[PDB]
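[1] Let me give you the complex in parts, starting here:
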Amino acid sequence: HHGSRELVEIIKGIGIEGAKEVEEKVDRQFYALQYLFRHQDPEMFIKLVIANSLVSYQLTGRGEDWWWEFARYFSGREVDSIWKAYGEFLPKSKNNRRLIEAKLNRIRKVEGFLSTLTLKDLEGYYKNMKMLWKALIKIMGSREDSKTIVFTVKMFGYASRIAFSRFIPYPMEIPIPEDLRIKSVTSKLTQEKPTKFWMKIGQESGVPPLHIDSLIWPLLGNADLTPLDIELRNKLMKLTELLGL
């Protein structure tokens, strides 16, 4: 379990400020959320993003397509029960129609928690994201490093920065979302568990693993980096090389 001086260095060179640029100018899920926010109540918008995140696994389509499908469905839609809306949404969806019973059960669980929260409580959770993290681990009964829990924090942070008009960095303590592709890329580097491997990279670089996640994913896909400054693009090309793609 060797570390990586070169990954630390490039990620440090990019910085949280670089990850923020990628998140807001490249990440297509962010843009889907920007659209829904313009067509939804702010409080409901944030809660829907939490609920959606909790069922964004074993999809029947591309993740980006799924988040756009969510954004179109809830745009201009009055939601009373989040649980009842997903009951109608998922079975008729293109991109998420497997394991609907299990996923609806998950939304049922979180729905209680969310019913207790005001918009000010959510602004509170944005200002203190480890608290949300811990509260989601509680209500869902999942591991600290559960890919779906940490992804839900990440997406909550996207929604909040849109809704609350300010950027707050993710906590260093929240691990990277370890889905199959992140395991795959990481395994080319090490046999160490990705969440542990990338926590150390994050700690040493000063860039939280949830912001590191934002740097990696465009490089795994088909990203348009032209919104970014030449210096940032150059660093991302170096990162691409160091990851072996």
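    Structure's in. What do you need? Numbers count the residues shown, from 1 in each chain, chains lettered A, B, ... in the order given.
[2] rest of the way, CA atoms for contacts and neighbours
    OK.
[3] which other helices and strands contact the longest helix seen in chain A?
    What stands out as the longest helix in chain A, according to DSSP state H, is helix A:5-25. Secondary-structure packing of helix A:5-25 (3 or more C-alpha pairs under 8 Å, 6 or more residues apart in numbering; DSSP states H and E): helix A:28-37, helix A:194-205, helix A:209-220, helix A:230-242.
[4] Tell me who's in contact with the residue lying farthest from the centre of chain A.
    Distance from the centre of chain A peaks at residue A:2, with 27.2 Å (C-alpha atoms, centre = their mean). Neighbouring residues of residue A:2 by C-alpha atoms under 8 Å, 6 or more residues apart in numbering: residue A:190.
[5] so where does it fall, helix or strand?
    Of the helices and strands defined by DSSP states H and E, none includes residue A:2.
[6] Check the gap between it and residue A:158 for me.
    32 Å (C-alpha to C-alpha, to the nearest Å).
[7] quick check: domain ranges of chain A?
    Residue ranges for each domain of chain A read A:1-26+A:170-245, A:27-169, as given by curated CATH domains.
[8] if we can go back for a sec, got a list of contacts for the longest helix of chain A?
    Defining contact as C-alpha under 8 Å, 6+ apart, one finds that helix A:5-25 is touched by A:30-31, A:169, A:201-202, A:204-208, A:211-212, A:214-215, A:227-228, A:232, A:235-236, A:238-239, A:242.
[9] okay, now chain B:
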Amino acid sequence: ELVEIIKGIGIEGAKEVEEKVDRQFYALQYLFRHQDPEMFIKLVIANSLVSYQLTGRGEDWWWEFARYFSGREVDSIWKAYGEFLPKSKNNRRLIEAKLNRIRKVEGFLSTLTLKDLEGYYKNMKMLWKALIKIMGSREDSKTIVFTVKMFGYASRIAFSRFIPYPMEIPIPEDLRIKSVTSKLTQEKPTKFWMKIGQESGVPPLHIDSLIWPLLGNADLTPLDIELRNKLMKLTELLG
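    Alright, chain B goes in next:
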């Protein structure tokens, strides 16, 4: 046939293209979150008025603008551009003339409050005429009509309300649009597309939004299936 497809997409389809796919709209949504509303709109007007004879792609230019003004205090827009353009990647050409144009519009903008801007959003033909007057341009100037178009974007974001562009404002007529139009007609794009608009009920500045994603092999995956299907038939017709 072109009329029928465009009528089918409609202003509402144009709106979704603008708001989900258009890369300038994306850039402005970014800048809006990092500026105060009144300065945001004013910056967009001034920028548009110097968005000609670029030294890069238009979309790259709008991102470069967004990046430059993100979180930036602006005391004089004219002063800010005197710093910005000479060091720019994508607009390092005809800087003296462009700075002169910003000097001219800055005087007009300085008179305007956020409420005055919202009134120009409600009367976009008044803004068009106003900019032709202060800038000394043509009615079918690409740069002037595209300035009203981007002002519309900025205003939609800042005021959270949609008002369709006026039917009278012509399409921005550059070399790319002349290429497309010449496969369809010999008439001047500005005239042809005005007629296409009256007949389809879709103002020409909204029609502009339909063509460019198609020109540029844009990703239409954000859009509803039915709209994406209408756009693919448009792509065939236009070639």
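[10] so, what packs on helix A:5-25 revisited with chain B in the model?
    Using 3 or more C-alpha pairs under 8 Å, 6 or more residues apart in numbering or on different chains; DSSP states H and E, the elements in contact with helix A:5-25 are helix A:28-37, helix A:194-205, helix A:209-220, helix A:230-242, helix B:23-32.
[11] now the first one against helix A:147-163, angle please.
    Counting by axes from the mean of the first three to the mean of the last three C-alpha atoms, to 10 degrees, helix A:28-37 points 50 degrees away from the direction of helix A:147-163.
[12] Pull out the buried positions in stretch A:191-200.
    Within stretch A:191-200, the residues that qualify as buried by neighbour count (16 or more other C-alpha atoms under 10 Å in any protein chain shown) are A:194, A:195, A:197, A:198, A:199, A:200.
[13] Report the spatially nearest residue to residue A:233, omitting neighbours in sequence.
    residue A:225 (6.7 Å; C-alpha to C-alpha, 6 or more residues apart in numbering or on different chains).
[14] Burial check on that neighbour, number of neighbours?
    For residue A:225, the neighbour count with other C-alpha atoms under 10 Å in any protein chain shown is 17.
[15] Nearest spatial neighbour of residue A:79, chain-adjacent residues omitted?
    Nearest one to residue A:79, counting by C-alpha to C-alpha, 6+ apart, is residue A:85 at 6.7 Å.
[16] The one you found is in contact with residue A:77, isn't it?
    No - using C-alpha atoms under 8 Å, residue A:85 makes no contact with residue A:77, being 9.7 Å away.
[17] which one of these two has more residues nearby?
    residue A:85 (17 against 12).
[18] Show me which residues of chain A sit near chain B.
    A:24-25, A:31-32, A:35, A:38, A:65, A:68-69, A:72, A:162, A:165-166, A:226-229 (C-alpha under 8 Å from any C-alpha of the partner chain).
[19] No further queries at this time; thank you.
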